[PDB]
Amino acid sequence: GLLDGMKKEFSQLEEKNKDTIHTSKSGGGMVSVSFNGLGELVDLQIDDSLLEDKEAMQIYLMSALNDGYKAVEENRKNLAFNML
Amino acid sequence: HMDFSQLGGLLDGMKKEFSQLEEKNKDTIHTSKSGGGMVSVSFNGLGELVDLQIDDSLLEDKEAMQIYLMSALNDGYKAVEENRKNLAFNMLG
Amino acid sequence: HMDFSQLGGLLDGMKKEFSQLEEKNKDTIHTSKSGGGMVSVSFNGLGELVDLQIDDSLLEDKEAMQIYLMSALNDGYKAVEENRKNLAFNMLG
Amino acid sequence: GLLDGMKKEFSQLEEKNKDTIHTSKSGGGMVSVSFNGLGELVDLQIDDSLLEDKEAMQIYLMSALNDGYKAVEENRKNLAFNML
């Protein structure tokens, strides 16, 4: 009943989640990514300057993406911790 | 509608609540008497026996003393376990 | 039919299982490709991005590069989150 | 479903519990108490010698009773830990 009732409440935190957008940057702002509350990647932008250095570009891309996903996950976990 | 991260968060939250409740239980005293008050037992809310007092008069009748000890102790154990069942259902509720 | 001590034991057991599963998840690699294989992304089972490889040809067309990155990344995120939902339901099951 | 299914299984560990008896001793065996698997106190025995020293008697009684209850509780918790 507990877990099922919580499952029912997690669905309420969906129409909220789906609209909420969080942006993470890296490489001095040369990479920007945005995730919605559902964890969907809804924006990705790379400064042309980074095309000159693929290896750095890939590192900054991973940094920004992991920060954004970390935020989605922390939100999932923290809302669950509080609910019960 | 739940993913593994949410489940881990719920488990952590439940364990936090559980520990907070156990500390409160440990601080709660329940006293049971028998033998016209000649036996008194006290338990904490974990079910640990924390005090036990027997009237000197009962030292003259060990048979009665044992019966009254068992009566008070069982009343106390039943009471604490009923509280502990209630708390499990109510925490989940 | 459950008392507070049993609930605490269950919570502890579930947290042990949860941690064991998370360690296994962290060791599992999922790879998604897009752009005819010109983009490859790898996630672990926690959803951390652990590798990212882009063909040098895409450096000539950032518009395409971004589209193919987003496609592969979203495919990977969806896959890991589906696994993580499944695991929550199945652990409980 | 999990908690409810476990609740259903805890009831199976009742007809087993109710019959199983565990004995705890203290005061060099001058106190003996027995609990069943349900946590009911089903036996208590005090050596006549202890009637000569009520304070020691009460201490040994508490020692034996707490050891026996500890055993009941550890059993409850350990069977729950393993089940899920």
# chains A, B, ... in the order shown; residues from 1 in each chain; ligands from 1

call {"tool": "select_by_dssp", "arguments": {"residues": "chain B", "states": "strand (DSSP E or B)", "output": "compact mmCIF listing (two decimals) with N, CA, C and O atoms, in the first residue's frame"}}
result
# COMPACT_ATOMS: atom_id res chain seq x y z
N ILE B 29 8.61 4.75 28.79
CA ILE B 29 8.55 3.69 29.85
C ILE B 29 7.13 3.17 30.01
O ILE B 29 6.19 3.97 30.09
N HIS B 30 6.98 1.84 30.05
CA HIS B 30 5.68 1.19 30.31
C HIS B 30 5.82 0.37 31.58
O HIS B 30 6.70 -0.46 31.66
N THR B 31 4.92 0.57 32.53
CA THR B 31 4.98 -0.16 33.83
C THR B 31 3.77 -1.08 33.97
O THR B 31 2.65 -0.67 33.73
N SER B 32 4.03 -2.32 34.36
CA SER B 32 2.96 -3.30 34.64
C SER B 32 3.10 -3.78 36.08
O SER B 32 4.21 -4.04 36.52
N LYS B 33 1.96 -3.94 36.76
CA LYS B 33 1.94 -4.39 38.15
C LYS B 33 1.10 -5.65 38.27
O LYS B 33 0.18 -5.89 37.47
N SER B 34 1.44 -6.46 39.25
CA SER B 34 0.60 -7.62 39.58
C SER B 34 0.66 -7.86 41.06
O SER B 34 1.36 -7.14 41.81
N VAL B 39 4.30 -6.62 42.84
CA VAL B 39 5.30 -6.77 41.78
C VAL B 39 5.12 -5.61 40.82
O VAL B 39 4.01 -5.31 40.43
N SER B 40 6.23 -4.97 40.42
CA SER B 40 6.19 -3.93 39.41
C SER B 40 7.31 -4.21 38.43
O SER B 40 8.46 -4.45 38.86
N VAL B 41 6.99 -4.15 37.15
CA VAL B 41 8.03 -4.26 36.11
C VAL B 41 7.93 -3.08 35.18
O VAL B 41 6.84 -2.59 34.93
N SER B 42 9.08 -2.59 34.73
CA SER B 42 9.09 -1.49 33.76
C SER B 42 9.90 -1.89 32.53
O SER B 42 11.05 -2.33 32.63
N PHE B 43 9.31 -1.64 31.37
CA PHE B 43 9.96 -1.86 30.10
C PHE B 43 10.14 -0.54 29.38
O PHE B 43 9.28 0.35 29.49
N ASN B 44 11.18 -0.46 28.58
CA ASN B 44 11.18 0.61 27.58
C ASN B 44 10.46 0.16 26.31
O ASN B 44 10.03 -1.00 26.19
N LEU B 49 13.71 -4.80 29.63
CA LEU B 49 13.25 -4.70 31.01
C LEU B 49 14.25 -3.79 31.72
O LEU B 49 15.44 -4.10 31.77
N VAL B 50 13.75 -2.67 32.26
CA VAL B 50 14.63 -1.62 32.81
C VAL B 50 14.50 -1.45 34.31
O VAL B 50 15.41 -0.88 34.96
N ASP B 51 13.41 -1.96 34.88
CA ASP B 51 13.28 -2.01 36.32
C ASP B 51 12.41 -3.17 36.75
O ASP B 51 11.51 -3.61 36.01
N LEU B 52 12.67 -3.65 37.96
CA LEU B 52 11.93 -4.82 38.46
C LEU B 52 11.97 -4.66 39.98
O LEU B 52 13.07 -4.51 40.56
N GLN B 53 10.78 -4.58 40.60
CA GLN B 53 10.67 -4.40 42.06
C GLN B 53 9.63 -5.36 42.64
O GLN B 53 8.51 -5.47 42.12
N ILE B 54 10.05 -6.04 43.71
CA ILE B 54 9.27 -7.12 44.32
C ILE B 54 9.15 -6.76 45.81
O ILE B 54 10.17 -6.48 46.45

call {"tool": "residues_around", "arguments": {"residues": "residue 62 of chain C", "least_positions_apart": "6", "cutoff": "10 Å", "atoms": "only C-alpha atoms", "output": "JSON, numbers by chain"}}
result
{"A": [45, 46, 47, 48, 51], "C": [68]}

call {"tool": "closest_residue", "arguments": {"among": "A:34, A:20, A:26, A:75", "to": "residue 57 of chain A", "atoms": "only C-alpha atoms"}}
result
A:26

call {"tool": "calpha_fit_and_write", "arguments": {"fixed": "chain B", "moving": "chain C", "output": "CSV table (one decimal) with N, CA, C and O atoms, in the first residue's frame"}}
result
chain,number,residue,atom,x,y,z
C,1,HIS,N,4.9,3.6,-10.7
C,1,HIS,CA,5.6,4.7,-11.4
C,1,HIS,C,6.8,5.0,-10.4
C,1,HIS,O,6.6,5.8,-9.5
C,2,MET,N,7.9,4.3,-10.6
C,2,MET,CA,9.0,4.4,-9.6
C,2,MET,C,10.2,3.8,-10.3
C,2,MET,O,10.2,2.7,-10.8
C,3,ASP,N,11.3,4.5,-10.2
C,3,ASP,CA,12.6,3.9,-10.7
C,3,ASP,C,13.5,3.6,-9.5
C,3,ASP,O,13.1,3.8,-8.3
C,4,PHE,N,14.6,3.0,-9.8
C,4,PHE,CA,15.5,2.4,-8.8
C,4,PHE,C,16.0,3.5,-7.9
C,4,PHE,O,16.1,3.4,-6.7
C,5,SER,N,16.3,4.7,-8.5
C,5,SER,CA,16.8,5.8,-7.7
C,5,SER,C,15.7,6.3,-6.7
C,5,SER,O,16.0,6.5,-5.5
C,6,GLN,N,14.5,6.3,-7.1
C,6,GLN,CA,13.4,6.7,-6.2
C,6,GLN,C,13.2,5.7,-5.1
C,6,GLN,O,13.0,6.0,-4.0
C,7,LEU,N,13.3,4.4,-5.4
C,7,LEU,CA,13.2,3.4,-4.4
C,7,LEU,C,14.3,3.5,-3.4
C,7,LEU,O,14.0,3.3,-2.2
C,8,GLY,N,15.5,3.8,-3.8
C,8,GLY,CA,16.6,3.9,-2.9
C,8,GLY,C,16.4,5.1,-1.9
C,8,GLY,O,16.7,5.0,-0.7
C,9,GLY,N,15.9,6.2,-2.5
C,9,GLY,CA,15.5,7.4,-1.7
C,9,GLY,C,14.4,7.1,-0.7
C,9,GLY,O,14.5,7.5,0.5
C,10,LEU,N,13.4,6.3,-1.1
C,10,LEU,CA,12.3,5.9,-0.2
C,10,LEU,C,12.9,5.0,0.9
C,10,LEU,O,12.6,5.2,2.1
C,11,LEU,N,13.7,4.1,0.6
C,11,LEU,CA,14.3,3.2,1.6
C,11,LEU,C,15.2,4.0,2.6
C,11,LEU,O,15.1,3.7,3.8
C,12,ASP,N,15.9,4.9,2.1
C,12,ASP,CA,16.8,5.8,3.0
C,12,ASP,C,15.9,6.6,3.9
C,12,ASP,O,16.2,6.7,5.1
C,13,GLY,N,14.8,7.2,3.4
C,13,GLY,CA,13.9,8.0,4.2
C,13,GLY,C,13.2,7.1,5.2
C,13,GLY,O,13.0,7.6,6.4
C,14,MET,N,12.7,5.9,4.8
C,14,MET,CA,12.1,5.0,5.8
C,14,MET,C,13.1,4.6,6.9
C,14,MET,O,12.6,4.5,8.0
C,15,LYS,N,14.3,4.4,6.5
C,15,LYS,CA,15.3,4.0,7.6
C,15,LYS,C,15.6,5.1,8.5
C,15,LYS,O,15.8,4.9,9.7
C,16,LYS,N,15.6,6.4,8.0
C,16,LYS,CA,15.7,7.5,8.8
C,16,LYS,C,14.6,7.7,9.8
C,16,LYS,O,14.8,7.8,11.1
C,17,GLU,N,13.3,7.6,9.3
C,17,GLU,CA,12.1,7.6,10.2
C,17,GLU,C,12.2,6.5,11.2
C,17,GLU,O,11.8,6.7,12.4
C,18,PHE,N,12.5,5.3,10.7
C,18,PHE,CA,12.6,4.1,11.6
C,18,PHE,C,13.5,4.4,12.8
C,18,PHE,O,13.2,4.1,14.0
C,19,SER,N,14.7,4.9,12.5
C,19,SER,CA,15.7,5.2,13.6
C,19,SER,C,15.2,6.3,14.6
C,19,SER,O,15.4,6.2,15.8
C,20,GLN,N,14.5,7.3,14.0
C,20,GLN,CA,14.0,8.3,14.8
C,20,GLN,C,12.9,7.8,15.8
C,20,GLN,O,12.8,8.2,17.0
C,21,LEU,N,12.0,6.9,15.3
C,21,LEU,CA,11.0,6.2,16.1
C,21,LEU,C,11.6,5.3,17.1
C,21,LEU,O,11.1,5.3,18.2
C,22,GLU,N,12.7,4.6,16.8
C,22,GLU,CA,13.3,3.7,17.7
C,22,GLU,C,13.9,4.5,18.9
C,22,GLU,O,13.8,4.0,20.1
C,23,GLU,N,14.5,5.6,18.6
C,23,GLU,CA,15.0,6.5,19.7
C,23,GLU,C,13.9,6.9,20.7
C,23,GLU,O,14.1,6.9,21.9
C,24,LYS,N,12.8,7.4,20.1
C,24,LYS,CA,11.6,7.7,20.9
C,24,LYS,C,11.1,6.5,21.7
C,24,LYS,O,10.8,6.7,22.9
C,25,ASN,N,11.0,5.4,21.0
C,25,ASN,CA,10.6,4.2,21.8
C,25,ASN,C,11.5,3.9,23.0
C,25,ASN,O,11.0,3.5,24.0
C,26,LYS,N,12.8,4.0,22.8
C,26,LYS,CA,13.7,3.7,23.8
C,26,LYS,C,13.5,4.6,25.1
C,26,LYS,O,13.7,4.2,26.2
C,27,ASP,N,13.1,5.8,24.8
C,27,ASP,CA,12.7,6.8,25.8
C,27,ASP,C,11.4,6.7,26.5
C,27,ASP,O,11.0,7.4,27.4
C,28,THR,N,10.5,5.7,26.1
C,28,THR,CA,9.2,5.6,26.6
C,28,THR,C,9.2,4.5,27.6
C,28,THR,O,9.6,3.4,27.3
C,29,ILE,N,8.6,4.8,28.8
C,29,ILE,CA,8.5,3.7,29.9
C,29,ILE,C,7.1,3.2,30.0
C,29,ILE,O,6.2,4.0,30.1
C,30,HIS,N,7.0,1.8,30.1
C,30,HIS,CA,5.7,1.2,30.3
C,30,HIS,C,5.8,0.4,31.6
C,30,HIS,O,6.7,-0.5,31.7
C,31,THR,N,4.9,0.6,32.5
C,31,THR,CA,5.0,-0.2,33.8
C,31,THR,C,3.8,-1.1,34.0
C,31,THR,O,2.6,-0.7,33.7
C,32,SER,N,4.0,-2.3,34.4
C,32,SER,CA,3.0,-3.3,34.6
C,32,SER,C,3.1,-3.8,36.1
C,32,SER,O,4.2,-4.0,36.5
C,33,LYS,N,2.0,-3.9,36.8
C,33,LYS,CA,1.9,-4.4,38.2
C,33,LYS,C,1.1,-5.6,38.3
C,33,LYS,O,0.2,-5.9,37.5
C,34,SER,N,1.4,-6.5,39.3
C,34,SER,CA,0.6,-7.6,39.6
C,34,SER,C,0.7,-7.9,41.1
C,34,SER,O,1.4,-7.1,41.8
C,35,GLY,N,0.0,-8.9,41.5
C,35,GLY,CA,0.0,-9.2,42.9
C,35,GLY,C,-0.4,-8.1,43.9
C,35,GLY,O,0.2,-7.9,44.9
C,36,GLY,N,-1.5,-7.4,43.5
C,36,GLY,CA,-2.0,-6.3,44.3
C,36,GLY,C,-1.0,-5.2,44.5
C,36,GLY,O,-0.9,-4.5,45.5
C,37,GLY,N,-0.1,-5.0,43.4
C,37,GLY,CA,0.9,-4.0,43.4
C,37,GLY,C,2.2,-4.5,44.0
C,37,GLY,O,3.2,-3.7,44.1
C,38,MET,N,2.3,-5.7,44.5
C,38,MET,CA,3.6,-6.2,45.1
C,38,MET,C,4.7,-6.5,44.1
C,38,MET,O,5.8,-6.7,44.5
C,39,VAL,N,4.3,-6.6,42.8
C,39,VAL,CA,5.3,-6.8,41.8
C,39,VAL,C,5.1,-5.6,40.8
C,39,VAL,O,4.0,-5.3,40.4
C,40,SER,N,6.2,-5.0,40.4
C,40,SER,CA,6.2,-3.9,39.4
C,40,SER,C,7.3,-4.2,38.4
C,40,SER,O,8.5,-4.4,38.9
C,41,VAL,N,7.0,-4.2,37.1
C,41,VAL,CA,8.0,-4.3,36.1
C,41,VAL,C,7.9,-3.1,35.2
C,41,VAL,O,6.8,-2.6,34.9
C,42,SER,N,9.1,-2.6,34.7
C,42,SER,CA,9.1,-1.5,33.8
C,42,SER,C,9.9,-1.9,32.5
C,42,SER,O,11.0,-2.3,32.6
C,43,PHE,N,9.3,-1.6,31.4
C,43,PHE,CA,10.0,-1.9,30.1
C,43,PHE,C,10.1,-0.5,29.4
C,43,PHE,O,9.3,0.3,29.5
C,44,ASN,N,11.2,-0.5,28.6
C,44,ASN,CA,11.2,0.6,27.6
C,44,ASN,C,10.5,0.2,26.3
C,44,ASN,O,10.0,-1.0,26.2
C,45,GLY,N,10.3,1.1,25.4
C,45,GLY,CA,9.5,0.8,24.2
C,45,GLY,C,10.3,-0.1,23.2
C,45,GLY,O,9.7,-0.4,22.1
C,46,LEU,N,11.5,-0.5,23.5
C,46,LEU,CA,12.2,-1.5,22.7
C,46,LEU,C,11.9,-2.9,23.3
C,46,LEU,O,12.2,-3.9,22.7
C,47,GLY,N,11.2,-2.9,24.4
C,47,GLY,CA,10.9,-4.2,25.1
C,47,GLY,C,12.0,-4.7,26.0
C,47,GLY,O,11.9,-5.8,26.6
C,48,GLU,N,13.0,-3.8,26.3
C,48,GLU,CA,14.0,-4.1,27.3
C,48,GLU,C,13.4,-3.9,28.7
C,48,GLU,O,12.7,-2.9,29.0
C,49,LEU,N,13.7,-4.8,29.6
C,49,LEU,CA,13.3,-4.7,31.0
C,49,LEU,C,14.2,-3.8,31.7
C,49,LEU,O,15.4,-4.1,31.8
C,50,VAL,N,13.7,-2.7,32.3
C,50,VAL,CA,14.6,-1.6,32.8
C,50,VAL,C,14.5,-1.5,34.3
C,50,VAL,O,15.4,-0.9,35.0
C,51,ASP,N,13.4,-2.0,34.9
C,51,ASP,CA,13.3,-2.0,36.3
C,51,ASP,C,12.4,-3.2,36.7
C,51,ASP,O,11.5,-3.6,36.0
C,52,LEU,N,12.7,-3.6,38.0
C,52,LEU,CA,11.9,-4.8,38.5
C,52,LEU,C,12.0,-4.7,40.0
C,52,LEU,O,13.1,-4.5,40.6
C,53,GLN,N,10.8,-4.6,40.6
C,53,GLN,CA,10.7,-4.4,42.1
C,53,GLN,C,9.6,-5.4,42.6
C,53,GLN,O,8.5,-5.5,42.1
C,54,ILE,N,10.1,-6.0,43.7
C,54,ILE,CA,9.3,-7.1,44.3
C,54,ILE,C,9.2,-6.8,45.8
C,54,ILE,O,10.2,-6.5,46.5
C,55,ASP,N,7.9,-6.8,46.4
C,55,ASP,CA,7.7,-6.5,47.8
C,55,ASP,C,8.4,-7.5,48.6
C,55,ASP,O,8.4,-8.7,48.3
C,56,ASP,N,9.1,-7.1,49.7
C,56,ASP,CA,9.8,-8.1,50.6
C,56,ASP,C,8.8,-9.2,51.0
C,56,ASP,O,9.3,-10.3,51.3
C,57,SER,N,7.5,-9.0,51.1
C,57,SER,CA,6.6,-10.0,51.6
C,57,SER,C,6.5,-11.2,50.7
C,57,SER,O,6.4,-12.3,51.2
C,58,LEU,N,6.8,-11.0,49.4
C,58,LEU,CA,6.8,-12.1,48.5
C,58,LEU,C,8.0,-13.0,48.7
C,58,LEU,O,8.0,-14.2,48.2
C,59,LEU,N,9.0,-12.6,49.3
C,59,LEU,CA,10.2,-13.5,49.6
C,59,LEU,C,9.8,-14.7,50.5
C,59,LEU,O,10.4,-15.7,50.4
C,60,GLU,N,8.7,-14.6,51.2
C,60,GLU,CA,8.1,-15.7,52.0
C,60,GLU,C,7.3,-16.7,51.2
C,60,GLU,O,6.8,-17.7,51.8
C,61,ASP,N,7.0,-16.4,49.9
C,61,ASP,CA,6.1,-17.3,49.1
C,61,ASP,C,6.6,-17.2,47.7
C,61,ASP,O,6.1,-16.5,46.9
C,62,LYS,N,7.7,-18.0,47.4
C,62,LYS,CA,8.2,-18.0,46.1
C,62,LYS,C,7.3,-18.4,45.0
C,62,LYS,O,7.3,-17.9,43.9
C,63,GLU,N,6.4,-19.4,45.4
C,63,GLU,CA,5.4,-19.8,44.4
C,63,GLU,C,4.5,-18.6,43.9
C,63,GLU,O,4.4,-18.4,42.6
C,64,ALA,N,4.0,-17.8,44.8
C,64,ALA,CA,3.2,-16.7,44.5
C,64,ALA,C,4.1,-15.7,43.7
C,64,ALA,O,3.7,-15.0,42.8
C,65,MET,N,5.3,-15.5,44.3
C,65,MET,CA,6.2,-14.5,43.6
C,65,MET,C,6.4,-14.8,42.2
C,65,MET,O,6.4,-13.9,41.3
C,66,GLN,N,6.7,-16.0,41.8
C,66,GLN,CA,6.9,-16.4,40.4
C,66,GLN,C,5.7,-16.2,39.6
C,66,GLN,O,5.8,-15.8,38.4
C,67,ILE,N,4.5,-16.5,40.1
C,67,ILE,CA,3.3,-16.4,39.4
C,67,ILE,C,3.0,-14.9,39.1
C,67,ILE,O,2.7,-14.5,37.9
C,68,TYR,N,3.2,-14.0,40.1
C,68,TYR,CA,3.0,-12.6,39.9
C,68,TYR,C,4.1,-12.0,39.0
C,68,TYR,O,3.8,-11.1,38.2
C,69,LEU,N,5.3,-12.5,39.1
C,69,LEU,CA,6.3,-12.0,38.1
C,69,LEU,C,5.9,-12.4,36.7
C,69,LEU,O,6.0,-11.5,35.8
C,70,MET,N,5.6,-13.6,36.5
C,70,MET,CA,5.2,-14.0,35.1
C,70,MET,C,4.0,-13.2,34.6
C,70,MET,O,4.0,-12.9,33.4
C,71,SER,N,3.0,-13.0,35.4
C,71,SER,CA,1.8,-12.2,35.1
C,71,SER,C,2.2,-10.8,34.6
C,71,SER,O,1.8,-10.3,33.5
C,72,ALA,N,3.0,-10.1,35.5
C,72,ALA,CA,3.3,-8.7,35.2
C,72,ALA,C,4.2,-8.6,34.0
C,72,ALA,O,4.1,-7.7,33.1
C,73,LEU,N,5.2,-9.6,33.9
C,73,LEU,CA,6.1,-9.6,32.7
C,73,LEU,C,5.4,-9.8,31.4
C,73,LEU,O,5.6,-9.1,30.4
C,74,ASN,N,4.5,-10.9,31.4
C,74,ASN,CA,3.8,-11.1,30.2
C,74,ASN,C,2.9,-9.9,29.8
C,74,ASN,O,2.7,-9.7,28.6
C,75,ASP,N,2.2,-9.3,30.8
C,75,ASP,CA,1.4,-8.1,30.5
C,75,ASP,C,2.2,-7.1,29.8
C,75,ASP,O,1.8,-6.5,28.8
C,76,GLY,N,3.4,-6.8,30.4
C,76,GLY,CA,4.3,-5.8,29.8
C,76,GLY,C,4.9,-6.2,28.4
C,76,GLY,O,4.8,-5.3,27.5
C,77,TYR,N,5.3,-7.4,28.2
C,77,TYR,CA,5.8,-7.9,26.9
C,77,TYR,C,4.6,-7.7,25.9
C,77,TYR,O,4.9,-7.3,24.8
C,78,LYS,N,3.4,-8.2,26.3
C,78,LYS,CA,2.3,-8.1,25.3
C,78,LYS,C,2.0,-6.6,24.9
C,78,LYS,O,1.8,-6.3,23.8
C,79,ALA,N,2.1,-5.7,25.9
C,79,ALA,CA,1.8,-4.3,25.7
C,79,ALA,C,2.8,-3.7,24.8
C,79,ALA,O,2.5,-3.0,23.8
C,80,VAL,N,4.1,-3.9,25.0
C,80,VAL,CA,5.1,-3.4,24.2
C,80,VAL,C,5.0,-3.9,22.8
C,80,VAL,O,5.1,-3.2,21.8
C,81,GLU,N,4.8,-5.2,22.6
C,81,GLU,CA,4.7,-5.8,21.3
C,81,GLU,C,3.5,-5.3,20.5
C,81,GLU,O,3.6,-5.1,19.3
C,82,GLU,N,2.4,-5.1,21.2
C,82,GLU,CA,1.2,-4.5,20.6
C,82,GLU,C,1.6,-3.1,20.1
C,82,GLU,O,1.2,-2.7,19.0
C,83,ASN,N,2.2,-2.3,20.9
C,83,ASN,CA,2.7,-1.0,20.5
C,83,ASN,C,3.6,-1.1,19.3
C,83,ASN,O,3.5,-0.3,18.4
C,84,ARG,N,4.5,-2.0,19.3
C,84,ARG,CA,5.5,-2.2,18.2
C,84,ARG,C,4.8,-2.7,16.9
C,84,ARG,O,5.2,-2.3,15.8
C,85,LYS,N,3.8,-3.5,17.0
C,85,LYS,CA,3.0,-3.9,15.8
C,85,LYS,C,2.3,-2.6,15.3
C,85,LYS,O,2.4,-2.3,14.1
C,86,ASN,N,1.6,-1.9,16.2
C,86,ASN,CA,0.9,-0.7,15.8
C,86,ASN,C,1.7,0.3,15.1
C,86,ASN,O,1.4,0.8,14.0
C,87,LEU,N,2.9,0.5,15.6
C,87,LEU,CA,3.9,1.4,15.0
C,87,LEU,C,4.3,1.0,13.6
C,87,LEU,O,4.5,1.8,12.7
C,88,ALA,N,4.6,-0.3,13.4
C,88,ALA,CA,4.9,-0.8,12.0
C,88,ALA,C,3.8,-0.5,11.0
C,88,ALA,O,4.1,0.0,10.0
C,89,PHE,N,2.6,-0.9,11.4
C,89,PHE,CA,1.4,-0.6,10.5
C,89,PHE,C,1.3,0.9,10.3
C,89,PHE,O,1.0,1.4,9.1
C,90,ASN,N,1.4,1.7,11.3
C,90,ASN,CA,1.1,3.2,11.2
C,90,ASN,C,2.2,3.9,10.5
C,90,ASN,O,1.9,4.9,9.8
C,91,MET,N,3.5,3.5,10.7
C,91,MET,CA,4.6,4.1,10.0
C,91,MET,C,4.4,4.0,8.5
C,91,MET,O,4.5,5.0,7.7
C,92,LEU,N,4.1,2.7,8.0
C,92,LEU,CA,3.7,2.4,6.7
C,92,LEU,C,2.4,3.1,6.2
C,92,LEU,O,2.2,3.2,5.0
C,93,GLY,N,1.6,3.6,7.2
C,93,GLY,CA,0.3,4.2,6.9
C,93,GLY,C,0.3,5.8,7.1
C,93,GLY,O,1.4,6.4,7.2

call {"tool": "residues_around", "arguments": {"residues": "residue 9 of chain D", "least_positions_apart": "4", "cutoff": "12 Å", "atoms": "only C-alpha atoms", "output": "PyMOL selection string"}}
result
(chain C and resi 1-2+6) or (chain D and resi 2-5+13-16+79-80+83-84)

call {"tool": "select_by_dssp", "arguments": {"residues": "chain C", "states": "alpha helix (DSSP H)", "output": "PyMOL selection string"}}
result
chain C and resi 4-26+62-92
